[PDB]
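J.:
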């Protein structure tokens, strides 16, 4: 039918109808020629993975057709997994391979994900948290994830104190003088507001008090490190 | 949901209509939504478990599914039912006139919707009642058959059943309704 | 009439562990001398050292064999905060080769391969109170991917996979908690894989295990409708865990559990340190500060009794 409609098509109606019915290869090719930067393919594949993870039988039967229309470069190595794992593996692949200088990337994915429910499948998270060690805190406090937002911030502070800095793309703690240290003050102030708007909520107050005590420990150590840096920079104007 | 329900049903009863047919169109449109919400809903034990979300410093019971709510309201005599029962009565009265009023079809569709609602209701009723008894929720629900028995307040008699019936008289004229009725 | 025959190990340092392969034809030993040795059983029932190498610079806490379907694979974990995977690269040129080092913050207290039907997966636990689950994406290329982190909120001392291959049970892990915790009880926690969330969720906490937990072992299920768990604390405990009932209309939970202590034994006379089931799950071995290994078995009336006790000189107690 669309055979007839391809008889008068265009450089993006095509892209869309085809990203529609599986074919996640033919289209990465049509795009890379007519250079038109493709985040609709990744969002649509993420939508199919989500629908499969919450999909009915009939959806599993239909999924073998579009899975076979790709290889999956190489298949397998052990226990089987009812698709599920199938499309998430075509992921790791169509990602790491076809990847870009800017962001057809982590962002577009994390977004369609918090967008339709998901404890984020840990691969993506781990990989957008040493390459872009924050802005997600924002995707989190926007998609009403207060609990997990306070968590990320605490983790980052822990990194900054020399503890686990490798899991936060941080170079230094109390060493090689003082360089740069971005403090996500606006996200912390939103957390303080959100914890103060819950009031009765005892759990949120317990978390808020734990976070405040930890921030005070950080500011006391920051004050000491800044005072010691001021003493270090004052030695030497005696050359 | 709230919006829909409230507004349109209230109206459906009283709000001027330059075009007499529009009155029934509004009723049909709202009932169509109610029907889809109750039909689409399926409940599995988590529904009668309820949570209180903290909004602007006040705990508010959150939002059970569309249909947990739809169904709680049917097992008691909230006007919905009344209104549904009243709509059925009005339907049969208008159909008994055999006169060619405009909106006759629409009414048919709406009443059909109504009866179908009713039908699914009993099955899912047994089900929920059961679960409801297991979940220790302080919610008092009444059987659909008991609701059918109860005398209409305006009528002040048990004409609820009587009317349903009367739809069998229109079996040639409206068979669908007939089937549902008999069922 | 068990007979024990000494062998001159001649270890540089005392070996803190011995592990048999799945077939009982090979054993691995590890020591304070920083080495692992592998021993093969000859046809004459004599053991011969077939490999010997320096493995680490930290207290090797645990060693485990993979299932033979993945080849001759060992995992070890250490006070150095790492776990390592080893493959027996033979030519007679065996030289257990380090394939990977898992480096994800404190001492790695235990390491266990998952049941083979889940693929080539490795669980580690650490004193940071995290269980980490890794998967080798290619069995021919022993690369490892971190699949799961499970926050136990207590120091982890030991881990056990539920060995049940029944598709009616989600993948399960038991974890302990060494922390003396003057107050906090619940030192054994059970995690179940939730298919809907693709995450391990806490299914159970054995609140009766307020004492520090040194070891835990699920019994082989062998067609029972309930699980059995042994727990080593100040005493030996045996739990039965019965999964509750269900409705096919809908389901997304950990399906709560009915737990019964079916045995508690203080007869160890010291902090029972280890518990191990035989391959049939019908005899339990335990060790404790009394310098003995004890053997426990149920009779036909489900009454558990001790059936053997040992000495420092190596003689079985009369």
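Residue numbers (the numbering used here), protein chains in the order written: chain A, 146 to 384; chain B, 3 to 185; chain C, 585 to 902. Idealized CB from N, CA, C, for every residue including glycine.
Ordered along the chain, which non-local residues of its own chain (more than five positions away) have a Cβ less than 6 angstroms from that of residue 75/B?
T.: Only 82 meet the Cβ criterion.
J.: Any beta carbon of chain C sitting closer than 8 angstroms to that of residue 46/B?
T.: Closer than 8 angstroms to some Cβ of chain C, the Cβ of residue 46/B qualifies, so yes.
J.: What is the DSSP secondary structure of residue 881/C, counted as helix, strand or coil?
T.: Looking at residue 881/C - three-state DSSP - the assignment turns out to be strand.
J.: Looking at the secondary structure, which residues open and close the alpha helix (DSSP H) in which residue 177/A lies?
T.: Note, residue 177/A: alpha helix (DSSP H), 171-178.
J.: What are the start and end residues of the beta strand (DSSP E) that includes residue 61/B?
T.: Its beta strand (DSSP E) spans residues 60-63.
J.: Taking the alpha-carbon positions, what's the residue 228/A to residue 318/A distance?
T.: Taking the straight line joining both Cα atoms gives about 45 angstroms.
J.: Tell me which residue opens and which closes the alpha helix (DSSP H) that residue 82/B is part of.
T.: From DSSP, the alpha helix (DSSP H) with residue 82/B extends over 81-98.
J.: For chain A, is any of its Cβ atoms less than 8 angstroms away from the one on residue 58/B?
T.: It does: the Cβ of residue 58/B has a partner Cβ on chain A nearer than 8 angstroms.
J.: If you draw a straight line from the alpha carbon of residue 850/C to that of residue 856/C, how long is it in whole angstroms?
T.: About 9 angstroms.
J.: Compute the beta-carbon to beta-carbon distance between residue 759/C and residue 715/C, rounded to the nearest angstrom, for a pair I have assumed lies under 8 angstroms.
T.: At roughly 6 angstroms, the Cβ-Cβ gap stays under 8 angstroms, so residue 759/C and residue 715/C are in contact.
J.: In the DSSP assignment, the alpha helix (DSSP H) including residue 158/A goes from what residue to what residue?
T.: Run containing residue 158/A: 158-165, per the alpha helix (DSSP H) assignment.
J.: Could you give the distance in angstroms between the alpha-carbon of residue 69/B and the alpha-carbon of residue 80/B?
T.: Straight-line Cα distance between these residues: approximately 15 angstroms.
J.: Counting C-beta neighbours from all protein chains within 10 Å, is the total for residue 681/C 16 or more, i.e. buried, or is it exposed?
T.: Its Cβ having fewer than 16 others within 10 Å, residue 681/C is exposed.
J.: List the residues of chain C whose Cβ lies closer than 8 angstroms to the Cβ of residue 267/A, in chain order.
T.: By Cβ distance, chain C contributes 730, 731, 732 and 733.
J.: Run through chain B and tell me which residues come within less than 8 angstroms of residue 343/A, C-beta to C-beta.
T.: Going along chain B in sequence order, the residues near residue 343/A (Cβ under 8 angstroms) are 56 and 59.
J.: Pull out every residue of the stretch 751-784 of chain C whose Cβ sits closer than 7 angstroms to any Cβ of chain A, in chain order.
T.: Residues passing the 7 angstroms Cβ filter: 781, 782 and 783.
J.: Quick one: does residue 833/C have its CB under 8 angstroms from some CB of chain B?
T.: Yes, residue 833/C counts as interfacial toward chain B.
J.: Measuring CA to CA, which of 654/C, 782/C and 891/C is closest to residue 669/C?
T.: Nearest of 654/C, 782/C and 891/C to residue 669/C, Cα basis: 654/C.
J.: Could you name the residues of the same chain whose beta carbon sits closer than 6 angstroms to that of residue 156/A, not counting the 5 residues immediately before and after it, in chain order?
T.: So the list reads 179, once near-sequence residues are dropped.
J.: Within 8 angstroms of any Cβ in chain B, is that where the Cβ of residue 215/A sits?
T.: Chain B, which has no Cβ nearer than 8 angstroms to the Cβ of residue 215/A, makes this no.
J.: Taking the beta carbon of residue 150/A as the centre, do at least 16 other beta carbons fall within 10 Å, making it buried, or is it exposed?
T.: With fewer than 16 other Cβ atoms within 10 Å, it is exposed.
J.: Buried or exposed, going by whether 16 or more other CB atoms sit within 10 Å of the CB of residue 126/B?
T.: With 16 or more other Cβ atoms within 10 Å, it is buried.
J.: Where does the unbroken beta strand (DSSP E) through residue 827/C begin, and where does it stop?
T.: Where residue 827/C is concerned, the enclosing beta strand (DSSP E) stretches over 820-827.
J.: CB residue 661/C to CB residue 683/C, shorter than 8 angstroms?
T.: No, the pair does not count as a contact, with Cβ atoms beyond the cut-off.
J.: Can we count residue 704/C as close to the ligand FAD, meaning its CB is less than 7 angstroms from some heavy atom?
T.: Of the ligands one can find in the structure shown there are none, so the ligand FAD has no counterpart to examine.
J.: I'd like the span of the beta strand (DSSP E) that includes residue 344/A, first residue to last.
T.: From DSSP, residue 344/A is part of no beta strand (DSSP E); its letter is neither H nor E.
J.: Might you give, ordered along the chain, the residues of its own chain that have their beta carbon closer than 8 angstroms to the beta carbon of residue 171/A, omitting 5 neighbours on each side?
T.: Excluding positions up to five away in sequence, the list reads 163.
J.: Can you find the residues in the same chain that come closer than 6 angstroms, C-beta to C-beta, to residue 696/C, ignoring five residues on each side of it along the sequence?
T.: Cβ within range, chain order: 648, 707, 743 and 745.
J.: If distances are taken between C-alpha atoms only, which option among 338/A, 160/A, 194/A and 200/A comes closest to residue 183/A?
T.: Among 338/A, 160/A, 194/A and 200/A, the Cα nearest to that of residue 183/A belongs to 160/A.
J.: For the beta strand (DSSP E) that contains residue 716/C, what are its first and last residues?
T.: Looking at the DSSP string, the run of the beta strand (DSSP E) that includes residue 716/C is 714-719.
J.: Suppose only complete runs of 4+ residues qualify. What are the alpha helix (DSSP H) ranges in the stretch 27-67 of chain B, listed by chain order?
T.: Counting only runs of 4 or more, we get nothing.
J.: Could you tell me the boundaries of the alpha helix (DSSP H) in which residue 123/B lies?
T.: Element bounds for residue 123/B: 106-136.
J.: Could you check whether residue 60/B and residue 417/A sit closer than 8 angstroms to each other, using their CB atoms as the reference points?
T.: The structure shown does not extend to residue 417/A, since chain A is modelled only from 146 to 384, so the question has no answer here.
J.: Can you grab the Cα-Cα spacing for the pair residue 320/A / residue 381/A, in whole Å?
T.: If you take the alpha carbons of residue 320/A and residue 381/A, they lie about 18 angstroms apart.
J.: Report the rounded CA-to-CA distance for residue 734/C versus residue 353/A, giving the unit in angstroms.
T.: If you take the alpha carbons of residue 734/C and residue 353/A, they lie about 23 angstroms apart.
J.: In the structure shown, what three-state DSSP assignment does residue 652/C receive?
T.: If DSSP states are grouped into helix, strand and coil, residue 652/C belongs with the helices.
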